[PDB]
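Asks: Supplied in structure tokens, the structure appears directly below.
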Amino acid sequence: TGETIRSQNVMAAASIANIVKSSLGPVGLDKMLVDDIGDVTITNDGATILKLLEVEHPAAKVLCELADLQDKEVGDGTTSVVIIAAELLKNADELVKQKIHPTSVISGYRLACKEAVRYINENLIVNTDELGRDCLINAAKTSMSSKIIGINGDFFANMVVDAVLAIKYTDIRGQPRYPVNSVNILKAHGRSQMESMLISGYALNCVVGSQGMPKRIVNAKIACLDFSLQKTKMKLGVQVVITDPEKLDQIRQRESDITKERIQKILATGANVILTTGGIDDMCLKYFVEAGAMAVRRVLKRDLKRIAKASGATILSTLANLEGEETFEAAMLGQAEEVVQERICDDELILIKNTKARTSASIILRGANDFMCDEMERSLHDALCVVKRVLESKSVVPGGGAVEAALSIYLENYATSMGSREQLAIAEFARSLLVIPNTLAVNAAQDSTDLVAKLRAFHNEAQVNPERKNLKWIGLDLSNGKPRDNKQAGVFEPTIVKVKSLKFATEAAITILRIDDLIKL
Amino acid sequence: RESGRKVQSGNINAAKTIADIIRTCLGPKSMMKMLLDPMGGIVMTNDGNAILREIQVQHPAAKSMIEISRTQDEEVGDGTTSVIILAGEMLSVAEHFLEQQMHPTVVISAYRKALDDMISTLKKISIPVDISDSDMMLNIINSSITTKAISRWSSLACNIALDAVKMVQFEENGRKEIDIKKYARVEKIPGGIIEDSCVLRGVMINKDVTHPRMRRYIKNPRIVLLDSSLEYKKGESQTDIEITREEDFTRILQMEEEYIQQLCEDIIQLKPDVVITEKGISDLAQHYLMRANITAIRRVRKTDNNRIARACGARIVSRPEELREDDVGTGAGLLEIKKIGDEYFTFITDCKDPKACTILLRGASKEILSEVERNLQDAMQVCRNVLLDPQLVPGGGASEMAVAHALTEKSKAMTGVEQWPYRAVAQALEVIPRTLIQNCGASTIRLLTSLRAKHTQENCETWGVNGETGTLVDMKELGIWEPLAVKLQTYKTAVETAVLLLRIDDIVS
């Protein structure tokens, strides 16, 4: 115990911190995680596994927690902040053992944790836009597993990454703005893949209800229904009594007719279009087609609620006062500029063009086969995830990795200047910075020093700028250990993402750095 | 919890020890594995299917290898051997040397291009079979039944299994993929002729539907499939309180039977003499059928009516209101209750959503029936695969060496790092020519190099070693067919799988 348990506080970290170093984000290898004892699970993403991992020691206790605390705030700096505590816990490891009360250097690590962000503060980019984040096309080119979309890791990456960046887009409830709301984008395999483009509207995944349901509808009042239109089993209608047989026909005829009456009250109450993520039996659906109104079925939960948001006003997706045997209460009124039921991307689907309350735009990514729609899926979603955070955070540092090599030297310069042991404190904080590019040497199989020492070999003064990847720092690669000018592919980091892990990484150790024993008294 | 080589060499300790006897257990000369049951028993297996089940787990990666043997069993049911063979055959050579070259990675993208050059090699050597001609399939389809070998019904059941997946092929996704099997199903028939083991439309129901009163046949009258509530509902569509009073009792029974009525007002209009009630089946409900001059059908379930939904092509009624013909017993319908043996066989032919067709299999006994039932499998599976993929490829060392030097040529084409996995993956191909000769008893070495020479001249285009003749020969000659279906499907799996456990450098908890 003592320094032993203090090491066990460090060891259990670096032990488990291996699994987050050896599996670093997506490029980290698959790790087989035994759920408890006999149930094994293959996975990765140290931001994730630690939770499926079941923490043995109070050391890794906070690690899974602080990584999640980092992860709750933002998804990056998470699998790392695990290591970085241990990485500092390795920096102060022999220090605490040497002469050092870490209280000295940890408060120096703090000012170091502080002084460093003041480069991250001065390290920003306003327009990363045609530069993207992790390049631009490489927001998708990373998001694309590259087979038929591989060179389209330029082409469709000029699409899906520029989509979230620039397309007319409706946030929650018909809202133009830089999306943190993602983008509605679909995938339909067929035709020519390069033909994948934007549609003006929401791209629906929907069972089309046009039997003579009017396809094109101008000024379309939209009813998007998560509540189905079902049907209701119903007994005898008007009266019970049969003197002559035809009443028994009419008595059981109002089963359909009262809804025929009420679905043309649905004309009266309102909608021109019925979108239903639930079911519409053609029993109800026909009542709309003979009403001259649109009724659409199993409109994708996303796609429908995407309409059900932009469509405006009240919508049955989030509401039910309707039975579907019942007439509408006009809690079902969404609004579309025009609904033109549209042939798109080997799909005949209702495509709701723009909105009354908005102008909607949805790309459909046409798979050469499903595999594009399979691989562009991530390209859809992950390059979505990228630019959303890019639009969410428009203050983002240039460079991910060579920042630390700078931040080493940037801080290591501030080290030698301060003096005394706090000079030493700052230098040992400039060390732990260099493991994040080195855990890139894990997955890319690079050479850590030849990676990181040569990263530090790049400078005039200390700085990370898309100006200079050679005369100074910028970028870094999952492809190499090589800094890059960020628009080719440099690794961008969001500024808000960085200072957090920076902040947090020292905040796991210092308390662990305080606790002097684990055991009973 | 494992890490590094301990995973990697342990990964080698996973699939290879699995795939060790399996190669003896594989090939047309396949040598069974002896097993020792926990009871003290024995199971003799050429199967990669049975071994992994019984044998206890020897490594965590094996638990992953088991499932890709399952995935191939899921995909086909054969190739389960090779998927754990091929992937485990990739694990022994490349990784540790290439971890000494420091990467799982370069091996992966190598495995990926170790995959494609075969996919590049195949399209020549994998060459379209004609699904039109039965014998053009049956040569593949005899190639399916020839190794597992129940010989008598490896004759007829093929033409049956040919017709099976053929008659169950309409398949419409819009892309005309043929995975379509389930419509084709065996029939467990007591007694009867060993022949007339054959494909009939729909699903003749052998499972839960056997009755003295269906009458003995209901042909034109419908078979009525109720998901819905044949039992009474005390309210309109609903139910109300029970009897504490004189007032409440009379009020209850009205809408109860009236629901059964208003059901069988709309249920009787579609003309069943047999209503099969899977749910809502109850004494008073079926007693009503007994009283409705419509057969009361109990001890019957969803599979039944889903098979009857697959038989006449009905849609099991989800609406308590307004039952109709095309709901249940689609078309004029045939419900044919035949005792071949003492089991009443519900024969529901006349399928709507046609080309959904079961397989009437009749032995004189269940074994000689199961002898049809087992031979049907590989046939109809490969039929499915041949109907899926209308191509065939020469088996044995043909695909092995033609890709082997290819990957080797590709490795020389690259002359890089990933060549070394190509060097490792090309040899993974050649353990099968070993495996084929490691069965017959000659020296594969002389033939390996000669099969290298078979590539030196012919690129081992159609020329493999044929396991049972143990010599290096054209398989278009011998008509020995792995399809681009069966093989690439098997090869695809292991290609991912070796990557998978190689994507594992760390096992944890």
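Going through the structure tokens in order, the chains are called A, B, and so on, while each chain numbers its residues from 1 and the ligands are numbered from 1 in the order shown.
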Might you pull out every residue within 10 Å of stretch 173-190 of chain B, with only C-alpha atoms counted and same-chain residues fewer than 6 positions away left off, and present them as a PDB file with N, CA and C atoms, in the first residue's frame?
Replies:
```
ATOM      1  N   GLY A 190     -29.687   2.111 -56.130  1.00  0.00           N
ATOM      2  CA  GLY A 190     -30.091   1.899 -57.500  1.00  0.00           C
ATOM      3  C   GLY A 190     -29.610   2.978 -58.440  1.00  0.00           C
TER       4      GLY A 190
ATOM      5  N   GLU B  75     -26.113 -18.709 -43.138  1.00  0.00           N
ATOM      6  CA  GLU B  75     -26.154 -18.322 -44.543  1.00  0.00           C
ATOM      7  C   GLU B  75     -26.450 -19.525 -45.430  1.00  0.00           C
ATOM      8  N   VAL B  76     -25.804 -20.653 -45.148  1.00  0.00           N
ATOM      9  CA  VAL B  76     -25.943 -21.853 -45.962  1.00  0.00           C
ATOM     10  C   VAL B  76     -26.258 -23.052 -45.079  1.00  0.00           C
ATOM     11  N   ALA B 161     -35.661 -30.948 -54.601  1.00  0.00           N
ATOM     12  CA  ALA B 161     -35.091 -29.717 -54.061  1.00  0.00           C
ATOM     13  C   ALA B 161     -34.760 -28.724 -55.164  1.00  0.00           C
ATOM     14  N   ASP B 163     -36.754 -28.481 -57.863  1.00  0.00           N
ATOM     15  CA  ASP B 163     -38.100 -27.939 -57.958  1.00  0.00           C
ATOM     16  C   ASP B 163     -38.527 -27.216 -56.688  1.00  0.00           C
ATOM     17  N   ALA B 164     -38.017 -27.628 -55.523  1.00  0.00           N
ATOM     18  CA  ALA B 164     -38.390 -26.958 -54.280  1.00  0.00           C
ATOM     19  C   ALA B 164     -38.094 -25.471 -54.343  1.00  0.00           C
ATOM     20  N   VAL B 165     -36.814 -25.103 -54.400  1.00  0.00           N
ATOM     21  CA  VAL B 165     -36.489 -23.685 -54.403  1.00  0.00           C
ATOM     22  C   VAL B 165     -36.913 -23.052 -55.724  1.00  0.00           C
ATOM     23  N   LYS B 166     -36.969 -23.844 -56.799  1.00  0.00           N
ATOM     24  CA  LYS B 166     -37.554 -23.340 -58.039  1.00  0.00           C
ATOM     25  C   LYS B 166     -39.016 -22.968 -57.845  1.00  0.00           C
ATOM     26  N   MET B 167     -39.831 -23.907 -57.355  1.00  0.00           N
ATOM     27  CA  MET B 167     -41.232 -23.585 -57.120  1.00  0.00           C
ATOM     28  C   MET B 167     -41.418 -22.558 -56.016  1.00  0.00           C
ATOM     29  N   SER B 197     -42.484 -38.170 -52.737  1.00  0.00           N
ATOM     30  CA  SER B 197     -41.789 -37.180 -51.941  1.00  0.00           C
ATOM     31  C   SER B 197     -41.409 -36.080 -52.910  1.00  0.00           C
ATOM     32  N   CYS B 198     -42.120 -34.964 -52.817  1.00  0.00           N
ATOM     33  CA  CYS B 198     -42.287 -34.078 -53.957  1.00  0.00           C
ATOM     34  C   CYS B 198     -42.691 -32.695 -53.470  1.00  0.00           C
ATOM     35  N   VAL B 199     -42.654 -31.733 -54.382  1.00  0.00           N
ATOM     36  CA  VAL B 199     -42.974 -30.345 -54.082  1.00  0.00           C
ATOM     37  C   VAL B 199     -44.410 -30.032 -54.485  1.00  0.00           C
ATOM     38  N   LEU B 200     -45.169 -29.521 -53.520  1.00  0.00           N
ATOM     39  CA  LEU B 200     -46.536 -29.079 -53.742  1.00  0.00           C
ATOM     40  C   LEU B 200     -46.625 -27.614 -53.359  1.00  0.00           C
ATOM     41  N   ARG B 201     -47.635 -26.928 -53.878  1.00  0.00           N
ATOM     42  CA  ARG B 201     -47.710 -25.509 -53.590  1.00  0.00           C
ATOM     43  C   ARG B 201     -48.119 -25.290 -52.140  1.00  0.00           C
ATOM     44  N   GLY B 202     -48.105 -24.026 -51.741  1.00  0.00           N
ATOM     45  CA  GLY B 202     -48.493 -23.612 -50.417  1.00  0.00           C
ATOM     46  C   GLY B 202     -47.776 -24.378 -49.327  1.00  0.00           C
ATOM     47  N   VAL B 203     -48.485 -24.575 -48.216  1.00  0.00           N
ATOM     48  CA  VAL B 203     -48.036 -25.406 -47.111  1.00  0.00           C
ATOM     49  C   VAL B 203     -49.148 -26.373 -46.746  1.00  0.00           C
ATOM     50  N   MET B 204     -48.935 -27.642 -47.039  1.00  0.00           N
ATOM     51  CA  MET B 204     -49.735 -28.689 -46.436  1.00  0.00           C
ATOM     52  C   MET B 204     -49.283 -28.798 -44.988  1.00  0.00           C
ATOM     53  N   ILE B 205     -50.227 -28.688 -44.067  1.00  0.00           N
ATOM     54  CA  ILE B 205     -49.893 -28.429 -42.678  1.00  0.00           C
ATOM     55  C   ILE B 205     -49.725 -29.761 -41.968  1.00  0.00           C
ATOM     56  N   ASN B 206     -48.476 -30.088 -41.648  1.00  0.00           N
ATOM     57  CA  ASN B 206     -48.170 -31.305 -40.911  1.00  0.00           C
ATOM     58  C   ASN B 206     -47.958 -31.049 -39.426  1.00  0.00           C
ATOM     59  N   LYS B 207     -48.013 -29.799 -38.972  1.00  0.00           N
ATOM     60  CA  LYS B 207     -47.537 -29.523 -37.629  1.00  0.00           C
ATOM     61  C   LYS B 207     -48.578 -29.812 -36.563  1.00  0.00           C
ATOM     62  N   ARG B 307     -48.073 -20.689 -41.835  1.00  0.00           N
ATOM     63  CA  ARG B 307     -47.913 -21.659 -42.912  1.00  0.00           C
ATOM     64  C   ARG B 307     -49.166 -21.727 -43.771  1.00  0.00           C
ATOM     65  N   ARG B 310     -49.044 -19.122 -45.709  1.00  0.00           N
ATOM     66  CA  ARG B 310     -48.099 -19.511 -46.745  1.00  0.00           C
ATOM     67  C   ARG B 310     -48.660 -20.656 -47.581  1.00  0.00           C
ATOM     68  N   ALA B 311     -49.868 -21.124 -47.244  1.00  0.00           N
ATOM     69  CA  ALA B 311     -50.403 -22.318 -47.891  1.00  0.00           C
ATOM     70  C   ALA B 311     -51.411 -21.973 -48.971  1.00  0.00           C
ATOM     71  N   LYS B 339     -55.145 -38.730 -44.578  1.00  0.00           N
ATOM     72  CA  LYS B 339     -54.352 -39.570 -43.701  1.00  0.00           C
ATOM     73  C   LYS B 339     -53.505 -40.446 -44.613  1.00  0.00           C
ATOM     74  N   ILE B 340     -52.226 -40.110 -44.700  1.00  0.00           N
ATOM     75  CA  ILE B 340     -51.216 -40.986 -45.273  1.00  0.00           C
ATOM     76  C   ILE B 340     -50.416 -41.399 -44.047  1.00  0.00           C
ATOM     77  N   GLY B 341     -50.584 -42.648 -43.634  1.00  0.00           N
ATOM     78  CA  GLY B 341     -50.374 -42.956 -42.234  1.00  0.00           C
ATOM     79  C   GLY B 341     -51.582 -42.476 -41.454  1.00  0.00           C
ATOM     80  N   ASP B 342     -51.522 -42.488 -40.121  1.00  0.00           N
ATOM     81  CA  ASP B 342     -52.689 -42.156 -39.307  1.00  0.00           C
ATOM     82  C   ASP B 342     -52.835 -40.669 -39.006  1.00  0.00           C
ATOM     83  N   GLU B 343     -51.815 -39.855 -39.256  1.00  0.00           N
ATOM     84  CA  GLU B 343     -51.926 -38.416 -39.077  1.00  0.00           C
ATOM     85  C   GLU B 343     -52.829 -37.836 -40.154  1.00  0.00           C
ATOM     86  N   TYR B 344     -53.869 -37.115 -39.738  1.00  0.00           N
ATOM     87  CA  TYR B 344     -54.577 -36.253 -40.670  1.00  0.00           C
ATOM     88  C   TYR B 344     -53.595 -35.198 -41.143  1.00  0.00           C
ATOM     89  N   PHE B 345     -53.381 -35.142 -42.446  1.00  0.00           N
ATOM     90  CA  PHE B 345     -52.550 -34.114 -43.035  1.00  0.00           C
ATOM     91  C   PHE B 345     -53.453 -33.008 -43.525  1.00  0.00           C
ATOM     92  N   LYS B 355     -46.074 -19.437 -55.928  1.00  0.00           N
ATOM     93  CA  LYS B 355     -44.658 -19.771 -55.848  1.00  0.00           C
ATOM     94  C   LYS B 355     -44.211 -19.871 -54.393  1.00  0.00           C
ATOM     95  N   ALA B 356     -45.127 -19.748 -53.438  1.00  0.00           N
ATOM     96  CA  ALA B 356     -44.841 -20.201 -52.084  1.00  0.00           C
ATOM     97  C   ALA B 356     -45.327 -21.638 -51.970  1.00  0.00           C
ATOM     98  N   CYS B 357     -44.385 -22.574 -51.892  1.00  0.00           N
ATOM     99  CA  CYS B 357     -44.698 -23.979 -52.094  1.00  0.00           C
ATOM    100  C   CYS B 357     -43.903 -24.831 -51.119  1.00  0.00           C
ATOM    101  N   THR B 358     -44.596 -25.663 -50.351  1.00  0.00           N
ATOM    102  CA  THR B 358     -43.882 -26.611 -49.508  1.00  0.00           C
ATOM    103  C   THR B 358     -43.444 -27.801 -50.337  1.00  0.00           C
ATOM    104  N   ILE B 359     -42.946 -28.808 -49.636  1.00  0.00           N
ATOM    105  CA  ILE B 359     -42.430 -30.016 -50.254  1.00  0.00           C
ATOM    106  C   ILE B 359     -43.081 -31.197 -49.559  1.00  0.00           C
ATOM    107  N   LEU B 360     -43.927 -31.925 -50.277  1.00  0.00           N
ATOM    108  CA  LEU B 360     -44.534 -33.120 -49.719  1.00  0.00           C
ATOM    109  C   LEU B 360     -43.532 -34.254 -49.808  1.00  0.00           C
ATOM    110  N   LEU B 361     -43.063 -34.700 -48.652  1.00  0.00           N
ATOM    111  CA  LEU B 361     -42.050 -35.735 -48.582  1.00  0.00           C
ATOM    112  C   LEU B 361     -42.657 -36.937 -47.896  1.00  0.00           C
ATOM    113  N   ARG B 362     -42.719 -38.039 -48.623  1.00  0.00           N
ATOM    114  CA  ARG B 362     -43.375 -39.249 -48.168  1.00  0.00           C
ATOM    115  C   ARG B 362     -42.412 -40.411 -48.324  1.00  0.00           C
ATOM    116  N   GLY B 363     -42.014 -41.007 -47.208  1.00  0.00           N
ATOM    117  CA  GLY B 363     -41.296 -42.260 -47.271  1.00  0.00           C
ATOM    118  C   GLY B 363     -42.272 -43.393 -47.056  1.00  0.00           C
ATOM    119  N   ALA B 364     -41.777 -44.588 -46.754  1.00  0.00           N
ATOM    120  CA  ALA B 364     -42.634 -45.600 -46.154  1.00  0.00           C
ATOM    121  C   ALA B 364     -42.499 -45.493 -44.644  1.00  0.00           C
ATOM    122  N   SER B 365     -41.541 -44.683 -44.209  1.00  0.00           N
ATOM    123  CA  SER B 365     -41.234 -44.483 -42.802  1.00  0.00           C
ATOM    124  C   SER B 365     -40.521 -43.146 -42.676  1.00  0.00           C
ATOM    125  N   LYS B 366     -40.420 -42.659 -41.440  1.00  0.00           N
ATOM    126  CA  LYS B 366     -39.841 -41.335 -41.232  1.00  0.00           C
ATOM    127  C   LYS B 366     -38.376 -41.285 -41.652  1.00  0.00           C
ATOM    128  N   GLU B 367     -37.602 -42.328 -41.340  1.00  0.00           N
ATOM    129  CA  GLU B 367     -36.211 -42.372 -41.784  1.00  0.00           C
ATOM    130  C   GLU B 367     -36.106 -42.239 -43.296  1.00  0.00           C
ATOM    131  N   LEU B 369     -38.152 -41.266 -45.151  1.00  0.00           N
ATOM    132  CA  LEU B 369     -38.612 -39.902 -45.395  1.00  0.00           C
ATOM    133  C   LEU B 369     -37.542 -38.887 -45.013  1.00  0.00           C
ATOM    134  N   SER B 370     -36.949 -39.044 -43.827  1.00  0.00           N
ATOM    135  CA  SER B 370     -35.870 -38.153 -43.415  1.00  0.00           C
ATOM    136  C   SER B 370     -34.672 -38.294 -44.341  1.00  0.00           C
ATOM    137  N   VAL B 372     -35.044 -38.544 -47.487  1.00  0.00           N
ATOM    138  CA  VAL B 372     -35.392 -37.528 -48.476  1.00  0.00           C
ATOM    139  C   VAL B 372     -35.192 -36.146 -47.876  1.00  0.00           C
ATOM    140  N   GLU B 373     -35.513 -36.009 -46.590  1.00  0.00           N
ATOM    141  CA  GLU B 373     -35.518 -34.714 -45.923  1.00  0.00           C
ATOM    142  C   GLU B 373     -34.112 -34.148 -45.786  1.00  0.00           C
ATOM    143  N   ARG B 374     -33.125 -35.012 -45.555  1.00  0.00           N
ATOM    144  CA  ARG B 374     -31.757 -34.537 -45.394  1.00  0.00           C
ATOM    145  C   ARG B 374     -31.090 -34.277 -46.741  1.00  0.00           C
ATOM    146  N   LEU B 376     -32.557 -33.420 -49.339  1.00  0.00           N
ATOM    147  CA  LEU B 376     -33.195 -32.221 -49.856  1.00  0.00           C
ATOM    148  C   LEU B 376     -32.381 -30.990 -49.494  1.00  0.00           C
ATOM    149  N   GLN B 377     -31.790 -31.001 -48.295  1.00  0.00           N
ATOM    150  CA  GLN B 377     -31.202 -29.803 -47.707  1.00  0.00           C
ATOM    151  C   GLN B 377     -30.097 -29.218 -48.582  1.00  0.00           C
ATOM    152  N   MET B 380     -31.419 -28.186 -52.049  1.00  0.00           N
ATOM    153  CA  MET B 380     -32.232 -26.971 -52.038  1.00  0.00           C
ATOM    154  C   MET B 380     -31.466 -25.757 -51.534  1.00  0.00           C
ATOM    155  N   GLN B 381     -30.576 -25.934 -50.554  1.00  0.00           N
ATOM    156  CA  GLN B 381     -29.709 -24.837 -50.144  1.00  0.00           C
ATOM    157  C   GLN B 381     -28.843 -24.366 -51.300  1.00  0.00           C
ATOM    158  N   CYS B 383     -29.321 -25.189 -54.426  1.00  0.00           N
ATOM    159  CA  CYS B 383     -30.327 -24.700 -55.363  1.00  0.00           C
ATOM    160  C   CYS B 383     -30.667 -23.251 -55.069  1.00  0.00           C
ATOM    161  N   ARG B 384     -31.054 -22.962 -53.826  1.00  0.00           N
ATOM    162  CA  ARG B 384     -31.251 -21.582 -53.403  1.00  0.00           C
ATOM    163  C   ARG B 384     -30.055 -20.723 -53.775  1.00  0.00           C
ATOM    164  N   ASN B 385     -28.850 -21.214 -53.491  1.00  0.00           N
ATOM    165  CA  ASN B 385     -27.652 -20.453 -53.817  1.00  0.00           C
ATOM    166  C   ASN B 385     -27.437 -20.377 -55.322  1.00  0.00           C
ATOM    167  N   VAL B 386     -27.694 -21.475 -56.036  1.00  0.00           N
ATOM    168  CA  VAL B 386     -27.616 -21.438 -57.493  1.00  0.00           C
ATOM    169  C   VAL B 386     -28.715 -20.551 -58.061  1.00  0.00           C
ATOM    170  N   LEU B 387     -29.922 -20.633 -57.501  1.00  0.00           N
ATOM    171  CA  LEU B 387     -30.976 -19.723 -57.934  1.00  0.00           C
ATOM    172  C   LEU B 387     -30.675 -18.295 -57.495  1.00  0.00           C
ATOM    173  N   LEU B 388     -30.096 -18.127 -56.302  1.00  0.00           N
ATOM    174  CA  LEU B 388     -29.538 -16.831 -55.927  1.00  0.00           C
ATOM    175  C   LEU B 388     -28.472 -16.403 -56.917  1.00  0.00           C
ATOM    176  N   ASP B 389     -27.349 -17.117 -56.914  1.00  0.00           N
ATOM    177  CA  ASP B 389     -26.216 -16.839 -57.783  1.00  0.00           C
ATOM    178  C   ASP B 389     -26.234 -17.855 -58.914  1.00  0.00           C
ATOM    179  N   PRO B 390     -26.612 -17.462 -60.124  1.00  0.00           N
ATOM    180  CA  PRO B 390     -26.604 -18.410 -61.241  1.00  0.00           C
ATOM    181  C   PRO B 390     -25.204 -18.606 -61.794  1.00  0.00           C
TER     182      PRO B 390
END
```
Asks: With a distance cut-off of 7 Å and only C-alpha atoms, select the neighbouring residues of residue A:336, excluding the residue or stretch itself and same-chain residues fewer than 2 positions from it, and output the selection as a PyMOL selection string.
Replies: chain A and resi 219-222+311+334+338-339+352+354-356
Asks: Would you mind listing, as an mmCIF file with N, CA, C and O atoms, in the first residue's frame, all residues of chain B that have at least one atom within 6 Å of chain A, where only C-alpha atoms are what counts?
Replies:
```
data_model
loop_
_atom_site.group_PDB
_atom_site.id
_atom_site.type_symbol
_atom_site.label_atom_id
_atom_site.label_comp_id
_atom_site.auth_asym_id
_atom_site.auth_seq_id
_atom_site.Cartn_x
_atom_site.Cartn_y
_atom_site.Cartn_z
ATOM 1 N N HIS B 103 1.740 -4.442 -37.111
ATOM 2 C CA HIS B 103 0.404 -4.050 -37.538
ATOM 3 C C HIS B 103 -0.569 -5.216 -37.494
ATOM 4 O O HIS B 103 -0.259 -6.321 -37.959
ATOM 5 N N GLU B 236 -68.982 -3.945 -27.135
ATOM 6 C CA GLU B 236 -69.106 -3.821 -28.583
ATOM 7 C C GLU B 236 -67.958 -4.544 -29.279
ATOM 8 O O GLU B 236 -68.160 -5.599 -29.890
ATOM 9 N N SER B 237 -66.750 -3.988 -29.205
ATOM 10 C CA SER B 237 -65.536 -4.729 -29.527
ATOM 11 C C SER B 237 -64.847 -5.191 -28.250
ATOM 12 O O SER B 237 -63.795 -5.839 -28.298
ATOM 13 N N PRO B 320 -60.839 -7.768 -36.167
ATOM 14 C CA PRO B 320 -62.032 -8.433 -35.627
ATOM 15 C C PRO B 320 -63.265 -8.150 -36.468
ATOM 16 O O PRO B 320 -64.219 -8.933 -36.487
ATOM 17 N N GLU B 321 -63.240 -7.023 -37.174
ATOM 18 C CA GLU B 321 -64.323 -6.610 -38.057
ATOM 19 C C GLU B 321 -64.045 -7.119 -39.463
ATOM 20 O O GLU B 321 -62.907 -7.044 -39.938
ATOM 21 N N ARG B 503 -8.663 -7.950 -35.640
ATOM 22 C CA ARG B 503 -9.091 -6.688 -35.049
ATOM 23 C C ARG B 503 -9.088 -6.773 -33.536
ATOM 24 O O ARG B 503 -9.201 -5.748 -32.858
ATOM 25 N N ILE B 504 -8.975 -7.978 -32.989
ATOM 26 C CA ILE B 504 -8.735 -8.118 -31.564
ATOM 27 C C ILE B 504 -7.234 -8.251 -31.350
ATOM 28 O O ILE B 504 -6.636 -9.280 -31.688
ATOM 29 N N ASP B 506 -6.642 -7.182 -28.067
ATOM 30 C CA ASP B 506 -6.863 -7.205 -26.628
ATOM 31 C C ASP B 506 -8.217 -7.832 -26.341
ATOM 32 O O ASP B 506 -9.233 -7.419 -26.905
ATOM 33 N N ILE B 507 -8.222 -8.823 -25.457
ATOM 34 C CA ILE B 507 -9.446 -9.389 -24.910
ATOM 35 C C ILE B 507 -9.544 -8.898 -23.477
ATOM 36 O O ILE B 507 -8.560 -8.963 -22.733
ATOM 37 N N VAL B 508 -10.711 -8.376 -23.095
ATOM 38 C CA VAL B 508 -10.904 -7.832 -21.757
ATOM 39 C C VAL B 508 -12.284 -8.204 -21.234
ATOM 40 O O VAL B 508 -13.033 -8.959 -21.857
ATOM 41 N N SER B 509 -12.607 -7.658 -20.066
ATOM 42 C CA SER B 509 -13.877 -7.925 -19.407
ATOM 43 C C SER B 509 -14.647 -6.635 -19.157
ATOM 44 O O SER B 509 -15.434 -6.186 -19.989
#
```
Asks: Mind pulling up the distance from atom CA of residue A:428 to atom CA of residue A:67?
Replies: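 So the two atoms, atom CA of residue A:67 and atom CA of residue A:428, lie 22.0 Å apart.
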Asks: Residues of stretch 281-361 of chain A in strand (DSSP E) according to DSSP, as a ChimeraX atom specification?
Replies: /A:294-297,334-344,347-353,361
Asks: Record the distance separating atom CA of residue B:264 and atom CA of residue A:246, expressed in Å with one decimal.
Replies: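 Atom-to-atom, atom CA of residue B:264 and atom CA of residue A:246 are spaced 18.5 Å apart.
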Asks: One decimal, in Å: what's the spacing between atom CA of residue A:167 and atom CA of residue A:360?
Replies: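 According to the coordinates, atom CA of residue A:167 and atom CA of residue A:360 are separated by 9.2 Å.
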Asks: Name all residues at most 12 Å from residue A:480 (count only C-alpha atoms; drop same-chain ones fewer than 6 positions away) and give them as a tab-separated table (two decimals) with C-alpha atoms, in the first residue's frame.
Replies:
```tsv
chain	number	residue	atom	x	y	z
A	401	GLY	CA	-2.18	16.41	-32.82
A	437	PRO	CA	-0.42	11.69	-30.91
A	438	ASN	CA	1.38	8.59	-29.64
A	439	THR	CA	-1.86	6.65	-29.21
A	440	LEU	CA	-2.30	7.55	-32.86
A	441	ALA	CA	0.94	5.60	-33.36
A	442	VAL	CA	-0.99	2.79	-31.68
A	443	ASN	CA	-3.69	2.45	-34.33
A	444	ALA	CA	-1.83	3.81	-37.37
A	445	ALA	CA	1.15	1.72	-36.18
A	446	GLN	CA	3.35	4.83	-36.39
A	447	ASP	CA	6.61	5.44	-34.56
A	448	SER	CA	5.79	7.42	-31.44
A	450	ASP	CA	9.49	9.69	-34.91
A	451	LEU	CA	5.85	10.66	-34.79
A	452	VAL	CA	5.90	12.98	-31.80
A	455	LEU	CA	6.06	16.74	-34.53
A	489	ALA	CA	-6.50	16.52	-44.10
A	490	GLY	CA	-5.40	18.09	-40.86
A	491	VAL	CA	-7.06	16.85	-37.71
```
Asks: Just want the 7 Å neighbourhood of residue B:96, counted on only C-alpha atoms, with same-chain residues fewer than 3 positions away dropped. Output as an mmCIF file with N, CA, C and O atoms, in the first residue's frame.
Replies:
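Heads up, here's the output in out20.cif:
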```
data_model
loop_
_atom_site.group_PDB
_atom_site.id
_atom_site.type_symbol
_atom_site.label_atom_id
_atom_site.label_comp_id
_atom_site.auth_asym_id
_atom_site.auth_seq_id
_atom_site.Cartn_x
_atom_site.Cartn_y
_atom_site.Cartn_z
ATOM 1 N N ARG B 5 0.150 -10.651 -28.475
ATOM 2 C CA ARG B 5 0.302 -11.998 -29.013
ATOM 3 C C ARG B 5 -0.594 -12.983 -28.281
ATOM 4 O O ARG B 5 -1.118 -13.920 -28.891
ATOM 5 N N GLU B 99 2.927 -8.462 -36.732
ATOM 6 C CA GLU B 99 3.077 -7.699 -35.499
ATOM 7 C C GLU B 99 4.548 -7.465 -35.210
ATOM 8 O O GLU B 99 4.920 -6.474 -34.574
ATOM 9 N N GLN B 100 5.397 -8.387 -35.661
ATOM 10 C CA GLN B 100 6.823 -8.109 -35.717
ATOM 11 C C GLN B 100 7.116 -7.096 -36.811
ATOM 12 O O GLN B 100 8.137 -6.400 -36.771
#
```
